[PDB]
Amino acid sequence: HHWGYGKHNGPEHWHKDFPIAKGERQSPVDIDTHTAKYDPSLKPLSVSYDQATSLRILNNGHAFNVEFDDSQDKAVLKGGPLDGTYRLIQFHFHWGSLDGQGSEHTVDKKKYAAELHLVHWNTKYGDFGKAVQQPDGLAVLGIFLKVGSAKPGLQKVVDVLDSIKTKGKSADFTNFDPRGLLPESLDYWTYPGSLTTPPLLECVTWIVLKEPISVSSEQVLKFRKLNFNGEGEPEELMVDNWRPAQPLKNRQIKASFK
Ligand SMILES: [Zn+2]
């Protein structure tokens, strides 16, 4: 015990250990599509994942992370609102107990069934731990998931989840291609924000794609069989591991598209 997503340790309690939870640039936020303004100076997003090297998948007790080798510029995000080069370190998801909830960002108050976060750190700061101390340290690519057709490129992830059911379990997860999780369009919204889990550091340029990917009910059902607890502990399904929308405060959300 420790922050989490339960009644006694969930998002409304995080500010006691992490006072930045009530900060000026917290995430996620609701994206009001009518208020977001098209910014013609935003540059196309460059997602360069052809040399991505996945290594491992880990249940960390709040989500599962697919981890990459970030010891060289293999998988990088550049362009869009970003200055410089950001290296992929891990992706993970947030999801609900029901299809009507699960995403962290919302779009005109709509909640999606889940949200994928591809986390990248700015190579100008040398390593992730230094990057999170900087206002432009991370770039997180957020992708909404809706339930409908299966996402073929997700299936290798869902099929390994039985081997990392409980907190602290990991499994080898090499040769996974994250290009198979992207939608067709790279149109996006962007704003300055934070990590959505403690320590809630205000170090993220968010890039949230407009186009959701579709996953099947069977795929998200397997997410919901994971556990927040460790092996041999009372079972607590890993569901509703999302932080709700936070006040936008003095921020503007920009759109890459008209
Ligand atoms: Zn996340």
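If you check the header, you'll see the entry was determined by X-ray crystallography and the resolution is listed as 1.05 Å.

Colleague: So what exactly am I meant to see when it comes to the side chain of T190 here?
Modeller: Among the structural elements, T190 can be located in strand 12 (residues 188-193). At 2.8 Å, the side chain of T190 and the backbone oxygen of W206 are in polar contact. Those residues in contact with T190 that lie beyond four places of it in its chain are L42, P81, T205, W206, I207, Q252, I253 and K254.

Colleague: I keep staring at unusual backbone geometry and nothing clicks. Help me out?
Modeller: What is expected of a backbone is that most residues other than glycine have negative phi and most peptide bonds are trans. Cis rather than trans, the peptide bond between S27 and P28 has omega equal to 0°. Residue position: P28 is located in the loop between helix 1 (14-17) and strand 1 (30-31). For the peptide bond that leads from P198 to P199, omega is 10°, which places it in the cis range. In this structure, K109 takes a positive phi of about 75° despite not being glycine. Tracing the backbone through its elements, the reader meets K109 in the loop between strand 8 (106-107) and strand 9 (114-122). Positive phi values are uncommon outside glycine, yet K249 reaches one of about 55°. In this structure, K249 sits in the loop between helix 4 (217-223) and strand 15 (254-255).

Colleague: For this particular structure, what's the right way to read the packing of aromatic side chains?
Modeller: One pair of aromatic rings is described through two measures. These are the centre distance and the angle between the planes. This model, assessed by the stated rule, comprises 15 aromatic pairs. Each ring, one from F64 and one from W95, has its centre 5.8 Å from the other, and the planes form 40°; the classification is tilted. A residue pair is termed long-range when its members are at least 10 positions apart, and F64 in strand 5 (residues 64-68) and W95 in strand 7 (residues 86-95) qualify at 31 residues. One aromatic cluster is present, formed by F64, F68, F91, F93, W95, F173, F176 and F223 through successive ring pairs. When the ring centre of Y112 is taken as reference, the NZ or CZ atom of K110 above it lies at 4.9 Å. When the ring centre of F257 is taken as reference, the NZ or CZ atom of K210 above it lies at 4.7 Å.

Colleague: Would you explain the coordination of the zinc ion in this entry?
Modeller: Each donor-metal-donor angle would ideally measure 109.5 degrees in four-coordinate tetrahedral geometry, or 90 or 180 degrees in six-coordinate octahedral geometry. Protein-derived ligands of the zinc ion are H92 (NE2), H94 (NE2) and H117 (ND1), with the metal-ligand distances lying across 2.0 Å. All donors of the zinc ion come from a single chain, and their spacing in sequence reads H-x1-H-x22-H. In this pair, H94 is assigned in strand 7 and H117 in strand 9, connecting sequence segments 23 residues apart. Overall, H117 belongs to the buried group, its relative accessible area being 2%.

Colleague: In this structure, what is going on with the UniProt feature "binding site: substrate" in the chain? I would like to understand it.
Modeller: In the UniProt entry, the feature "binding site: substrate" is given for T196 and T197. Mapped onto the elements, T196 comes out in the loop between strand 12 and strand 13 (204-209). Dropping the residues within four chain positions of it, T196 is found in contact with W14, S27, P28, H94, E104, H117, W206 and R243. Sequence-distant contacts of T197, that is, excluding residues within four places in its chain, are made with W3, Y5, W14 and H62.

Colleague: It is not clear to me how the pairing of strand 9 should be interpreted in this structure. Could you clarify?
Modeller: Every other side chain in a regular strand lies on the same face of the sheet, so the side chains alternate between the two faces. Within strand 9, 9 of the 9 residues are buried, which leaves the element mostly enclosed by the surrounding structure. Neither face of strand 9 is exposed, since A114, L116, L118, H120 and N122 on one face and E115, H117, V119 and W121 on the opposite face are all buried. Looking at chain direction, strand 9 and strand 10 (residues 138-147) are connected through 8 bridges and run antiparallel. Looking across to strand 10, one finds that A114 is bridged to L145.

Cut-offs used in this document
- Residues numbered from 1 in each chain as written, not as in the entry; some residues may be left out.
- Heavy atoms only, no water.
- Residues with missing side-chain atoms left out of burial classes, pairs and counts.
- Helix = DSSP H or I, 4+ residues; strand = E, 2+ residues; numbered from the N terminus.
- Polar contact = N/O pair within 3.5 Å; in protein donor to acceptor, adjacent residues only side chain to side chain.
- Contact = heavy atoms within 4.5 Å.
- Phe/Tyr/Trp six-rings, centres within 6.5 Å; stacked < 30°, edge-to-face > 60°.
- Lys NZ or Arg CZ within 6 Å of the ring centre and 35° of its normal.
- Donors = N, O, S within 2.8 Å, 3.2 Å for Na, K, Ca; no water.
- Buried < 20%, exposed > 50% of the residue type's maximum accessible area, 1.4 Å probe, protein only.
- UniProt positions renumbered as here; feature names shortened; annotations may be inferred.
- Pairing = 2+ DSSP bridges.

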